[PDB]
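Chemist: Please see the structure below; I have some questions.
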Amino acid sequence: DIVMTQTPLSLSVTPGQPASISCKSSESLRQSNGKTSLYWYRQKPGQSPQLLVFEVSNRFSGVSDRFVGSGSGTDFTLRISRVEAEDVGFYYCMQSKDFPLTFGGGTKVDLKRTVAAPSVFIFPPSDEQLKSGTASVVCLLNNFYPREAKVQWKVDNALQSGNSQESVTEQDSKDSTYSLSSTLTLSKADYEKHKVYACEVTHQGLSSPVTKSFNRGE
Amino acid sequence: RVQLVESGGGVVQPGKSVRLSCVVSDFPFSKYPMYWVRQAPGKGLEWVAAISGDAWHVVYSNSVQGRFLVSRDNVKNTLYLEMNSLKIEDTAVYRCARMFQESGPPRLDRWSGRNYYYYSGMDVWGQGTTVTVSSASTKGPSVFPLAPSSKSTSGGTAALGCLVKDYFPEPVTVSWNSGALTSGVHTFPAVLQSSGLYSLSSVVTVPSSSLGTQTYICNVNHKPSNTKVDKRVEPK
């Protein structure tokens with residue numbers, strides 16, 4: 001297989017400012033016919049992929065000259081000379097020099113704004129759920145930027161592994177922030193074994209990590 | 001006006017089969033190699049299969065070879081993907097895509113530039129069709145309150161919500177107060193639990209002073225189980 005290494009994995013751009021995404025292939029994409037089989041696609045949230053640039057440097061019909069593709073052999077770049085706000089989404093490179101057709105891992109482009117620390121809230125499990133035999137504890141991180149955040153669960157100070165899941169909203173169209181929910185799931189029996197449930201949040205908008213916690217039963 | 005329309009997706013048990021179709025319009029179908037490419041939930045694009053314009057040549061990804069069969073009908077301008085021996089990891093949105101330029105059978109004769117079928121990048125993609133492969137049975141959600149409290153209140157603003165837990169399959173819809181309240185609402189993407197059941201949360205921030213003067217109800221609809229729940233969320 002030809003492996004595509006796409007960088008950077010994420011890019012926050014200021015509107016009006018240039019932006020570059022790079023693609024390295026594990027071998028040359030140059031073909032015998034003299035064309036180099038490198039393609040750039042964009043995919044907006046909820047949409048199908050759209051072709052931007054074909055065969056390294058050719059703009060697909062309808063794509064504006066803000067998009068410039070360059071490169072050769074194993075090294076390629078897509079540049080957005082001026083960035084408009086509508087360009088947010090995922091960008092993928094793809095090669096068709098050989099089968100399998102392979103894609104880069106993608107670059108998530110979001111809008112840059114000033115740092116905003118998350119508001120952090122914690123929710124104990126409901127009595128209704130406990131009755132059913134399971135306990136879910138929820139930690140909410142609300143309206144923050146940038147997207148990078150670390151949320152860890154501590155139960156009586158013991159770090160939790162393998163029993164939590166999180167998900168994050170799309171960047172807000174009005175204030176450019178994110179929100180994130182993390183859910184720790186335990187059996188009722190395990191939940192009743194311990195006292196303090198804590199969510200530890202690390203984000204660059206916070207001078208030090210923040211911990212929100214509660215005592216079970218209170 | 002070139003368009004591809006996929007159909008045939010659905011919820012499937014592992015080991016079973018499903019057939020996808022892609023009906024096309026506004027181009028000479030048989031002149032174009034065609035592709036299937038899939039996208040797992042929250043993941044990138046993964047190429048699955050390719051078929052030459054004349055249908056004589058097919059190629060598959062390692063992950064689907066021996067399980068999937070690509071074919072086409074050049075009389076009906078339809079592309080197919082027969083998906084057998086389905087695995088959980090086959091769960092994805094499946095899209096039809098068209099090679100960006102025409103390419104026909106090789107000339108093994110009167111020249112020597114290529115003795116094989118030529119494939120290049122796709123231009124047009126269809127919207128896709130979802131195949132979800134799971135051993136789970138249909139199951140209605142439990143809707144639990146995320147109660148507002150001191151642990152969710154600061155500066156006169158409280159957070160509250162609902163946890164819509166243990167349902168299958170997707171989707172569920174959630175609104176607040178019959179859809180009248182959208183300000184300050186965040187409804188998160190569902191997560192698939194190790195149990196094979198989905199879970200999702202929706203939260204909203206409101207004045208803490210309103211908790212005694214205003215009713216907050218999350219409206220949860222899970223069509224596959226015909227479940228409609230209106231859950232009142234109150235301080236405990």
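Note on naming: chains are A, B, ... as they come in the structure tokens, residues start from 1 per chain, ligands start from 1 in the order shown.
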When you look at region 60-72 of chain B with a cut-off of 8 Å (counting only C-alpha atoms), what residues show up, excluding the ones that are within fewer than 3 positions of it in the same chain? I need them as a PDB file with N, CA, C and O atoms, in the first residue's frame.

Modeler:
ATOM      1  N   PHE A  99      -3.490   0.709  -6.494  1.00  0.00           N
ATOM      2  CA  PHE A  99      -4.488   0.180  -5.565  1.00  0.00           C
ATOM      3  C   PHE A  99      -3.793  -0.421  -4.340  1.00  0.00           C
ATOM      4  O   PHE A  99      -2.720  -1.005  -4.464  1.00  0.00           O
ATOM      5  N   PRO A 100      -4.398  -0.274  -3.150  1.00  0.00           N
ATOM      6  CA  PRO A 100      -5.665   0.425  -2.901  1.00  0.00           C
ATOM      7  C   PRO A 100      -5.536   1.936  -3.073  1.00  0.00           C
ATOM      8  O   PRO A 100      -4.475   2.502  -2.801  1.00  0.00           O
TER       9      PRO A 100
ATOM     10  N   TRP B  47     -11.285   3.749   0.790  1.00  0.00           N
ATOM     11  CA  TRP B  47     -11.672   3.136  -0.482  1.00  0.00           C
ATOM     12  C   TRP B  47     -12.010   1.644  -0.321  1.00  0.00           C
ATOM     13  O   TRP B  47     -11.338   0.933   0.416  1.00  0.00           O
ATOM     14  N   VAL B  48     -13.047   1.183  -1.021  1.00  0.00           N
ATOM     15  CA  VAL B  48     -13.551  -0.186  -0.875  1.00  0.00           C
ATOM     16  C   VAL B  48     -13.440  -1.018  -2.147  1.00  0.00           C
ATOM     17  O   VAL B  48     -13.019  -2.187  -2.115  1.00  0.00           O
ATOM     18  N   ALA B  49     -13.849  -0.439  -3.274  1.00  0.00           N
ATOM     19  CA  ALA B  49     -13.899  -1.221  -4.507  1.00  0.00           C
ATOM     20  C   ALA B  49     -13.906  -0.337  -5.737  1.00  0.00           C
ATOM     21  O   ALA B  49     -14.275   0.838  -5.667  1.00  0.00           O
ATOM     22  N   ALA B  50     -13.475  -0.910  -6.857  1.00  0.00           N
ATOM     23  CA  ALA B  50     -13.394  -0.208  -8.126  1.00  0.00           C
ATOM     24  C   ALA B  50     -13.833  -1.158  -9.218  1.00  0.00           C
ATOM     25  O   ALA B  50     -13.610  -2.368  -9.121  1.00  0.00           O
ATOM     26  N   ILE B  51     -14.442  -0.611 -10.263  1.00  0.00           N
ATOM     27  CA  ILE B  51     -14.840  -1.416 -11.412  1.00  0.00           C
ATOM     28  C   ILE B  51     -14.650  -0.609 -12.693  1.00  0.00           C
ATOM     29  O   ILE B  51     -14.997   0.571 -12.766  1.00  0.00           O
ATOM     30  N   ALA B  55     -16.805  -3.295 -17.037  1.00  0.00           N
ATOM     31  CA  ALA B  55     -17.052  -4.306 -15.994  1.00  0.00           C
ATOM     32  C   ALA B  55     -16.125  -5.538 -16.013  1.00  0.00           C
ATOM     33  O   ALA B  55     -16.307  -6.466 -15.214  1.00  0.00           O
ATOM     34  N   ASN B  77     -27.556   1.739 -16.122  1.00  0.00           N
ATOM     35  CA  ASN B  77     -26.725   2.776 -15.522  1.00  0.00           C
ATOM     36  C   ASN B  77     -26.752   2.725 -14.003  1.00  0.00           C
ATOM     37  O   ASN B  77     -26.927   3.737 -13.325  1.00  0.00           O
ATOM     38  N   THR B  78     -26.584   1.521 -13.481  1.00  0.00           N
ATOM     39  CA  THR B  78     -26.567   1.317 -12.043  1.00  0.00           C
ATOM     40  C   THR B  78     -25.294   0.596 -11.603  1.00  0.00           C
ATOM     41  O   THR B  78     -24.819  -0.317 -12.282  1.00  0.00           O
ATOM     42  N   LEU B  79     -24.760   1.009 -10.455  1.00  0.00           N
ATOM     43  CA  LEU B  79     -23.593   0.377  -9.863  1.00  0.00           C
ATOM     44  C   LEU B  79     -24.068  -0.360  -8.610  1.00  0.00           C
ATOM     45  O   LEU B  79     -24.949   0.127  -7.903  1.00  0.00           O
ATOM     46  N   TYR B  80     -23.490  -1.526  -8.338  1.00  0.00           N
ATOM     47  CA  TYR B  80     -23.894  -2.296  -7.172  1.00  0.00           C
ATOM     48  C   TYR B  80     -22.729  -2.642  -6.243  1.00  0.00           C
ATOM     49  O   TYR B  80     -21.579  -2.749  -6.668  1.00  0.00           O
ATOM     50  N   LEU B  81     -23.048  -2.835  -4.971  1.00  0.00           N
ATOM     51  CA  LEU B  81     -22.090  -3.436  -4.046  1.00  0.00           C
ATOM     52  C   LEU B  81     -22.815  -4.460  -3.204  1.00  0.00           C
ATOM     53  O   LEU B  81     -23.663  -4.120  -2.383  1.00  0.00           O
ATOM     54  N   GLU B  82     -22.499  -5.720  -3.446  1.00  0.00           N
ATOM     55  CA  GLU B  82     -23.050  -6.805  -2.665  1.00  0.00           C
ATOM     56  C   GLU B  82     -22.111  -7.050  -1.494  1.00  0.00           C
ATOM     57  O   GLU B  82     -20.927  -7.334  -1.679  1.00  0.00           O
ATOM     58  N   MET B  83     -22.638  -6.917  -0.286  1.00  0.00           N
ATOM     59  CA  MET B  83     -21.816  -6.976   0.909  1.00  0.00           C
ATOM     60  C   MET B  83     -22.161  -8.220   1.705  1.00  0.00           C
ATOM     61  O   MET B  83     -23.210  -8.278   2.351  1.00  0.00           O
ATOM     62  N   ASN B  84     -21.291  -9.225   1.634  1.00  0.00           N
ATOM     63  CA  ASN B  84     -21.516 -10.486   2.343  1.00  0.00           C
ATOM     64  C   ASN B  84     -20.656 -10.624   3.588  1.00  0.00           C
ATOM     65  O   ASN B  84     -19.706  -9.867   3.772  1.00  0.00           O
ATOM     66  N   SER B  85     -20.987 -11.604   4.426  1.00  0.00           N
ATOM     67  CA  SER B  85     -20.183 -11.925   5.604  1.00  0.00           C
ATOM     68  C   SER B  85     -19.822 -10.671   6.394  1.00  0.00           C
ATOM     69  O   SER B  85     -18.670 -10.456   6.764  1.00  0.00           O
ATOM     70  N   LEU B  86     -20.826  -9.846   6.638  1.00  0.00           N
ATOM     71  CA  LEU B  86     -20.615  -8.549   7.250  1.00  0.00           C
ATOM     72  C   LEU B  86     -20.002  -8.619   8.657  1.00  0.00           C
ATOM     73  O   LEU B  86     -20.322  -9.493   9.457  1.00  0.00           O
TER      74      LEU B  86
END

Chemist: Set out as a tab-separated table a contact list for chain A and chain B with a cut-off of 7 Å, giving each residue of chain A that qualifies its closest atom pair and distance in Å to one decimal, counting only C-alpha atoms, ordered by chain and rising residue number.

Modeler:
residue	atom	partner	partner_atom	distance
A:37	CA	B:120	CA	7.0
A:39	CA	B:121	CA	6.7
A:48	CA	B:127	CA	5.6
A:49	CA	B:125	CA	6.6
A:51	CA	B:123	CA	5.6
A:96	CA	B:120	CA	5.4
A:100	CA	B:61	CA	5.8
A:101	CA	B:47	CA	5.9
A:102	CA	B:47	CA	6.6
A:103	CA	B:45	CA	6.5
A:105	CA	B:44	CA	6.4
A:106	CA	B:44	CA	6.8
A:121	CA	B:152	CA	4.7
A:122	CA	B:151	CA	5.8
A:123	CA	B:146	CA	6.0
A:126	CA	B:145	CA	6.4
A:129	CA	B:144	CA	6.7
A:167	CA	B:189	CA	6.0
A:168	CA	B:188	CA	6.2
A:169	CA	B:188	CA	5.7

Chemist: With N, CA and C atoms kept, could you save the residues just selected as a PDB file, in the first residue's frame?

Modeler:
ATOM      1  N   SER A  37      -0.550  11.370  -9.500  1.00  0.00           N
ATOM      2  CA  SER A  37      -1.909  11.029  -9.096  1.00  0.00           C
ATOM      3  C   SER A  37      -2.228  11.461  -7.663  1.00  0.00           C
ATOM      4  N   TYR A  39      -4.683  14.028  -5.256  1.00  0.00           N
ATOM      5  CA  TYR A  39      -5.959  14.727  -5.255  1.00  0.00           C
ATOM      6  C   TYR A  39      -6.241  15.330  -3.882  1.00  0.00           C
ATOM      7  N   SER A  48     -21.083  15.354   1.675  1.00  0.00           N
ATOM      8  CA  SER A  48     -20.215  14.432   0.973  1.00  0.00           C
ATOM      9  C   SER A  48     -18.958  15.189   0.577  1.00  0.00           C
ATOM     10  N   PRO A  49     -17.877  14.457   0.305  1.00  0.00           N
ATOM     11  CA  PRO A  49     -16.628  15.093  -0.115  1.00  0.00           C
ATOM     12  C   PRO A  49     -16.775  15.815  -1.447  1.00  0.00           C
ATOM     13  N   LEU A  51     -14.384  17.494  -4.696  1.00  0.00           N
ATOM     14  CA  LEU A  51     -13.057  17.585  -5.293  1.00  0.00           C
ATOM     15  C   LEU A  51     -12.657  19.045  -5.398  1.00  0.00           C
ATOM     16  N   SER A  96      -4.139   7.930  -6.423  1.00  0.00           N
ATOM     17  CA  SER A  96      -4.681   6.862  -7.262  1.00  0.00           C
ATOM     18  C   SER A  96      -3.613   6.297  -8.178  1.00  0.00           C
ATOM     19  N   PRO A 100      -4.398  -0.274  -3.150  1.00  0.00           N
ATOM     20  CA  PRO A 100      -5.665   0.425  -2.901  1.00  0.00           C
ATOM     21  C   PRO A 100      -5.536   1.936  -3.073  1.00  0.00           C
ATOM     22  N   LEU A 101      -6.607   2.585  -3.513  1.00  0.00           N
ATOM     23  CA  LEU A 101      -6.672   4.039  -3.395  1.00  0.00           C
ATOM     24  C   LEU A 101      -6.575   4.353  -1.906  1.00  0.00           C
ATOM     25  N   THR A 102      -5.724   5.312  -1.539  1.00  0.00           N
ATOM     26  CA  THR A 102      -5.525   5.640  -0.120  1.00  0.00           C
ATOM     27  C   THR A 102      -5.662   7.133   0.173  1.00  0.00           C
ATOM     28  N   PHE A 103      -6.163   7.451   1.363  1.00  0.00           N
ATOM     29  CA  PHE A 103      -6.373   8.833   1.750  1.00  0.00           C
ATOM     30  C   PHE A 103      -5.441   9.209   2.890  1.00  0.00           C
ATOM     31  N   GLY A 105      -4.855  10.998   6.542  1.00  0.00           N
ATOM     32  CA  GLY A 105      -5.653  10.901   7.756  1.00  0.00           C
ATOM     33  C   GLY A 105      -6.596  12.073   7.949  1.00  0.00           C
ATOM     34  N   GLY A 106      -6.387  13.141   7.182  1.00  0.00           N
ATOM     35  CA  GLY A 106      -7.249  14.306   7.245  1.00  0.00           C
ATOM     36  C   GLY A 106      -6.715  15.465   8.073  1.00  0.00           C
ATOM     37  N   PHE A 121     -19.157  21.678  34.664  1.00  0.00           N
ATOM     38  CA  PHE A 121     -20.264  21.252  35.520  1.00  0.00           C
ATOM     39  C   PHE A 121     -20.211  19.739  35.732  1.00  0.00           C
ATOM     40  N   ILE A 122     -20.604  19.269  36.915  1.00  0.00           N
ATOM     41  CA  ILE A 122     -20.644  17.821  37.141  1.00  0.00           C
ATOM     42  C   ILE A 122     -22.041  17.373  37.578  1.00  0.00           C
ATOM     43  N   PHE A 123     -22.461  16.189  37.112  1.00  0.00           N
ATOM     44  CA  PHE A 123     -23.800  15.646  37.388  1.00  0.00           C
ATOM     45  C   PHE A 123     -23.697  14.226  37.937  1.00  0.00           C
ATOM     46  N   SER A 126     -28.781   9.844  38.474  1.00  0.00           N
ATOM     47  CA  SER A 126     -30.132  10.002  38.991  1.00  0.00           C
ATOM     48  C   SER A 126     -30.534   8.794  39.833  1.00  0.00           C
ATOM     49  N   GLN A 129     -31.836   5.985  37.599  1.00  0.00           N
ATOM     50  CA  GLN A 129     -30.831   5.101  37.002  1.00  0.00           C
ATOM     51  C   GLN A 129     -30.285   4.103  38.017  1.00  0.00           C
ATOM     52  N   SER A 167     -17.861  13.084  23.875  1.00  0.00           N
ATOM     53  CA  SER A 167     -18.099  13.593  22.532  1.00  0.00           C
ATOM     54  C   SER A 167     -18.208  15.108  22.565  1.00  0.00           C
ATOM     55  N   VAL A 168     -18.027  15.715  21.407  1.00  0.00           N
ATOM     56  CA  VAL A 168     -17.865  17.159  21.349  1.00  0.00           C
ATOM     57  C   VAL A 168     -18.756  17.706  20.252  1.00  0.00           C
ATOM     58  N   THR A 169     -19.322  18.888  20.479  1.00  0.00           N
ATOM     59  CA  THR A 169     -20.151  19.534  19.466  1.00  0.00           C
ATOM     60  C   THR A 169     -19.284  20.107  18.352  1.00  0.00           C
TER      61      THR A 169
END

Chemist: Pick out each residue of region 21-211 of chain A that DSSP on the backbone tags as strand (DSSP E or B); I need them as a VMD selection string.

Modeler: chain A and resid 21 to 25 30 36 38 to 43 50 to 54 58 to 59 67 to 72 75 to 80 89 to 95 102 to 103 107 to 111 116 119 to 123 134 to 145 150 to 155 158 to 159 164 to 168 178 to 187 196 to 202 210 to 211

Chemist: Write the residues of the selection above to a file with C-alpha atoms, as a JSON list (two decimals), in the first residue's frame.

Modeler:
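For reference, again.json as written:
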[["chain", "number", "residue", "atom", "x", "y", "z"],
["A", 21, "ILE", "CA", -1.96, 21.60, 4.50],
["A", 22, "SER", "CA", 0.71, 19.06, 3.56],
["A", 23, "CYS", "CA", 0.67, 15.51, 2.26],
["A", 24, "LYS", "CA", 3.58, 13.08, 2.12],
["A", 25, "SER", "CA", 3.28, 9.73, 0.33],
["A", 30, "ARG", "CA", 4.37, 10.07, -10.48],
["A", 36, "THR", "CA", 1.15, 12.65, -10.67],
["A", 38, "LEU", "CA", -2.53, 13.30, -6.10],
["A", 39, "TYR", "CA", -5.96, 14.73, -5.26],
["A", 40, "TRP", "CA", -7.39, 17.08, -2.62],
["A", 41, "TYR", "CA", -10.95, 16.79, -1.29],
["A", 42, "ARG", "CA", -12.91, 18.81, 1.21],
["A", 43, "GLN", "CA", -15.78, 17.58, 3.36],
["A", 50, "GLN", "CA", -16.01, 17.60, -2.91],
["A", 51, "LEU", "CA", -13.06, 17.58, -5.29],
["A", 52, "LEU", "CA", -10.93, 20.73, -5.03],
["A", 53, "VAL", "CA", -7.73, 19.90, -6.91],
["A", 54, "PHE", "CA", -6.80, 17.03, -9.22],
["A", 58, "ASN", "CA", -5.30, 21.48, -11.34],
["A", 59, "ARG", "CA", -8.35, 23.17, -9.86],
["A", 67, "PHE", "CA", -6.90, 27.05, -3.64],
["A", 68, "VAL", "CA", -3.41, 26.24, -4.90],
["A", 69, "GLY", "CA", -2.01, 22.75, -5.13],
["A", 70, "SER", "CA", 1.70, 22.10, -5.52],
["A", 71, "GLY", "CA", 4.32, 19.40, -5.23],
["A", 72, "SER", "CA", 5.86, 16.34, -6.85],
["A", 75, "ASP", "CA", 5.68, 15.84, -1.17],
["A", 76, "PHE", "CA", 2.53, 17.93, -1.71],
["A", 77, "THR", "CA", 0.80, 21.04, -0.36],
["A", 78, "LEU", "CA", -2.65, 22.59, -0.61],
["A", 79, "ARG", "CA", -2.61, 26.29, 0.17],
["A", 80, "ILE", "CA", -5.59, 28.58, 0.77],
["A", 89, "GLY", "CA", -14.29, 21.27, 7.64],
["A", 90, "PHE", "CA", -12.08, 18.27, 6.84],
["A", 91, "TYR", "CA", -9.58, 18.17, 4.00],
["A", 92, "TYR", "CA", -8.19, 14.90, 2.66],
["A", 93, "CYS", "CA", -5.47, 14.09, 0.19],
["A", 94, "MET", "CA", -5.83, 10.93, -1.91],
["A", 95, "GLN", "CA", -3.60, 8.99, -4.30],
["A", 102, "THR", "CA", -5.53, 5.64, -0.12],
["A", 103, "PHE", "CA", -6.37, 8.83, 1.75],
["A", 107, "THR", "CA", -6.88, 17.87, 8.50],
["A", 108, "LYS", "CA", -9.66, 19.46, 10.54],
["A", 109, "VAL", "CA", -9.81, 23.18, 9.76],
["A", 110, "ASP", "CA", -11.63, 25.34, 12.30],
["A", 111, "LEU", "CA", -11.85, 29.09, 12.93],
["A", 116, "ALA", "CA", -11.99, 30.81, 26.23],
["A", 119, "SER", "CA", -17.32, 26.34, 32.31],
["A", 120, "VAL", "CA", -17.19, 22.96, 34.05],
["A", 121, "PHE", "CA", -20.26, 21.25, 35.52],
["A", 122, "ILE", "CA", -20.64, 17.82, 37.14],
["A", 123, "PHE", "CA", -23.80, 15.65, 37.39],
["A", 134, "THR", "CA", -26.02, 1.27, 36.66],
["A", 135, "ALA", "CA", -24.56, 4.69, 37.46],
["A", 136, "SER", "CA", -23.52, 7.31, 34.93],
["A", 137, "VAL", "CA", -21.64, 10.41, 36.06],
["A", 138, "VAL", "CA", -21.51, 13.29, 33.58],
["A", 139, "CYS", "CA", -18.99, 16.10, 33.26],
["A", 140, "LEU", "CA", -19.84, 19.00, 30.97],
["A", 141, "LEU", "CA", -17.25, 21.42, 29.53],
["A", 142, "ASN", "CA", -19.15, 24.34, 28.07],
["A", 143, "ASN", "CA", -18.23, 26.92, 25.48],
["A", 144, "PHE", "CA", -14.45, 26.70, 25.27],
["A", 145, "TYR", "CA", -11.69, 27.36, 22.74],
["A", 150, "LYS", "CA", -8.14, 16.78, 28.66],
["A", 151, "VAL", "CA", -10.77, 15.33, 30.96],
["A", 152, "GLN", "CA", -9.86, 12.66, 33.47],
["A", 153, "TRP", "CA", -12.05, 10.92, 36.03],
["A", 154, "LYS", "CA", -10.87, 10.37, 39.60],
["A", 155, "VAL", "CA", -12.82, 8.13, 41.97],
["A", 158, "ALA", "CA", -7.97, 6.79, 41.72],
["A", 159, "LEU", "CA", -7.55, 7.58, 38.01],
["A", 164, "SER", "CA", -15.54, 6.72, 30.15],
["A", 165, "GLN", "CA", -16.54, 8.12, 26.77],
["A", 166, "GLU", "CA", -16.72, 11.68, 25.47],
["A", 167, "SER", "CA", -18.10, 13.59, 22.53],
["A", 168, "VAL", "CA", -17.87, 17.16, 21.35],
["A", 178, "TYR", "CA", -16.91, 23.98, 21.54],
["A", 179, "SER", "CA", -18.68, 22.03, 24.26],
["A", 180, "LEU", "CA", -17.80, 18.53, 25.45],
["A", 181, "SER", "CA", -19.58, 15.90, 27.52],
["A", 182, "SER", "CA", -17.80, 13.04, 29.27],
["A", 183, "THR", "CA", -19.66, 10.10, 30.83],
["A", 184, "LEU", "CA", -18.17, 7.74, 33.38],
["A", 185, "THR", "CA", -20.15, 4.52, 33.65],
["A", 186, "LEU", "CA", -20.02, 2.12, 36.62],
["A", 187, "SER", "CA", -22.25, -0.61, 38.04],
["A", 196, "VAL", "CA", -15.86, 11.16, 45.87],
["A", 197, "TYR", "CA", -16.43, 11.50, 42.12],
["A", 198, "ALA", "CA", -14.21, 14.04, 40.40],
["A", 199, "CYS", "CA", -13.73, 15.40, 36.90],
["A", 200, "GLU", "CA", -10.29, 16.93, 36.30],
["A", 201, "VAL", "CA", -10.13, 19.38, 33.39],
["A", 202, "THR", "CA", -6.96, 20.62, 31.70],
["A", 210, "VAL", "CA", -9.83, 22.55, 37.41],
["A", 211, "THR", "CA", -11.47, 19.77, 39.42]]

Chemist: I want to know what sits within 6 Å of region 208-219 of chain B, based on only C-alpha atoms, with residues of the same chain fewer than 2 positions away left out; could you give that as number ranges by chain?

Modeler: B: 156-158, 174-177, 229-233
